[PDB]
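Just one chain is shown here, as structure tokens, and it is the form deposited in one PDB entry.
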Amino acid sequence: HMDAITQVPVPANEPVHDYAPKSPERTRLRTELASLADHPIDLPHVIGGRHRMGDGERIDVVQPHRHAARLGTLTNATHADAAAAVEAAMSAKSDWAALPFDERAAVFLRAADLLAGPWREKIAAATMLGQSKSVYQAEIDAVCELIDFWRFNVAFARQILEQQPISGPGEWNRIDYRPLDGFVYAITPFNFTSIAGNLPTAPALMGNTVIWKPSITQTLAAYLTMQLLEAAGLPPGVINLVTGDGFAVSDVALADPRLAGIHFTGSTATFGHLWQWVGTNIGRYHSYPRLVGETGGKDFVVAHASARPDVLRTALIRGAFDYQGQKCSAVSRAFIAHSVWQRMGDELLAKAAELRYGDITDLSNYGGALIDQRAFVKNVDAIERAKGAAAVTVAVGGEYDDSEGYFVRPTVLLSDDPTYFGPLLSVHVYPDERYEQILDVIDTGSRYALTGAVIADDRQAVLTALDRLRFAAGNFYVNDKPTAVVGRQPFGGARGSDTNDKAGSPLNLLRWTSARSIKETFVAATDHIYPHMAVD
């Protein structure tokens, strides 16, 4: 019980550890890698706080960079598993929604500190092993970004709660940010353990309960994230983790009239299917279900003649080849001025040829393998089309081999013509004086453009890019790679999309509330007659 107007702690971005050779975090990390790799586990559903395998098909979760080494085994959620998860959520709702905001918020603040200290290398290592991330890719995602989501969302939520109306003479107006009426269904992708953890927790923070269907290949880190939340004090049933491919989960969840929302990040196909199904079942729902999320895109970089060669080269390598090109937004297409290409083209090809992809438990590797067979098969396909296509030459890489892991080499293609996820970069070399025409082409070809960059020291060039490409991409970068930290690079989304409300601003959290106005009038009228009515 309390008489207070409280403040939350002030958030700041969690520092990124380097895991350099003499560093203690590197030691701790090795212990965790071994411990997860040597001791594979069951990966169960977590329903109403009960950890339980179910009766559906058993599916192994392995190291993509070494697919014979198993990490755990999960069961594909059945209809009964899903139903139980929905009921556990509905059943925890009332006690969770009744906790004051500060107590709900403490759960996520505590989770963030646990992740920052004692659980840090455990969660990073699980992300490395199951998703094939280098320790760098893991630290910025499973650690820092997830910590920042939790600490910043607590702060964004608190800021929201104090957005209050004007009170005129004689009255008091107030706004109450209620949670939604039923359960929220969260569906998370493979490539980010931060997103996976944020999607179900952001709505939880606001007083909602959740079913969470993580991606199969991310399930080791998802399960450890669940345990972490439990250790932070998350009450049983507020978030309920169902494993597998999600088909039997959606069957149940999209048919329940209590579905209040879906929080999704993944492919546009999957999003479209969800969107259709909800539309088809719209008559059954107590509330209009809120569909909130994010899909992919591919990214361009334009280099002007005034671009720095070393900056461009680096931006292209990291941008195309960090996490094997599997970030929600990897550089696929680069457009480089001819004279910049003369200065850095060979070095780019040379460094890509030397770039080491392998087992990420060897920390000298730049990166790992693709996530699974499907991904491998899509990349082989794309490389063989590129070999067959007249419009395109394989300048470096193009090799692949799935016998140890799902490995595809960093590949650079030269295309003459300026018109999936994987380590493929297409480069088009354009004559210096055609800068602006290249900006038009990009603009004209920009349907699923998520991010863009310009590399240019020249201020006029930068401004022309910012201008002409204003509507060609939702996030635009200058003299760096186009690939986003909480609090710093919010919003975006692909061209034509309705995604200002995605993870990373207060707008996302509002989607998990239904605000009401409350007006008290102190001395209201006691005669209904109005002044204009008097005679005469």
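Numbers follow the displayed sequence, beginning with 1. If you superpose the two forms and keep the largest set of C-alpha atoms that fall within 1.5 Å, you have the rigid core.
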query	finding
Core-fitted comparison in 4 other deposited structures of this protein, 205-213 vs 264-272, farther C-alphas	264-272
Core-aligned Cα RMS comparison in 4 other deposited structures of this protein - stretch that moves more, 462-470 or 278-286	278-286
Continuity check for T419 and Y420, given as deposited residues lacking coordinates between them	4 to 9
Sequence continuity check, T483 and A484 (deposited residues unmodelled)	1 to 3
Given 16-24 and 514-522, the range whose Cα B-factors average higher in the PDB entry	16-24
Given 487-495 and 51-59, the range whose Cα B-factors average higher in the PDB entry	487-495
Residue with maximal Cα B-factor (values as given in the PDB entry) among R459, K133, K213, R284	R284
Residue selected from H273, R178, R110, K122 by maximal Cα B factor	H273
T75 CA temperature factor, ranked by third within the chain	middle
B-factor third for the C-alpha atom of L507 within its chain	middle
CA B-factor placement of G397, once the chain's modelled residues are sorted into thirds	middle
Entry-reported Cα temperature factor of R308, expressed as the chain third it lands in	middle
Chain thirds of CA B-factor: placement of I529	middle
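This protein has a second form, the form solved in complex with a small molecule, left out of what is shown; the following refers to that one.
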property	result
Triple contact flag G487, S505 and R511 to the small molecule in the deposited complex, non-hydrogen atom at 4.5 angstroms	no
Partner proximity in the deposited complex: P214 to the small molecule, non-hydrogen atom cutoff 4.5 Å	yes
Contact of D359 with the small molecule in the deposited complex (heavy atom, 4.5 Å)	no
Contact flag, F192 vs the small molecule in the deposited complex, heavy atom cut 4.5 Å	yes
Contact label in the deposited complex: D102 to the small molecule, heavy atom within 4.5 Å	no
Contact residue in the deposited complex, chosen from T451, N240, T188, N153 - any heavy atom within 4.5 Å of the small molecule	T188
Candidate from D402, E87, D113, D245 lying within 4.5 Å of the small molecule in the deposited complex - any heavy atom	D245
Stretch in contact in the deposited complex with the small molecule, which is absent here, among 273-281, 437-445, 170-178, 232-240 (heavy atoms within 4.5 Å)	273-281
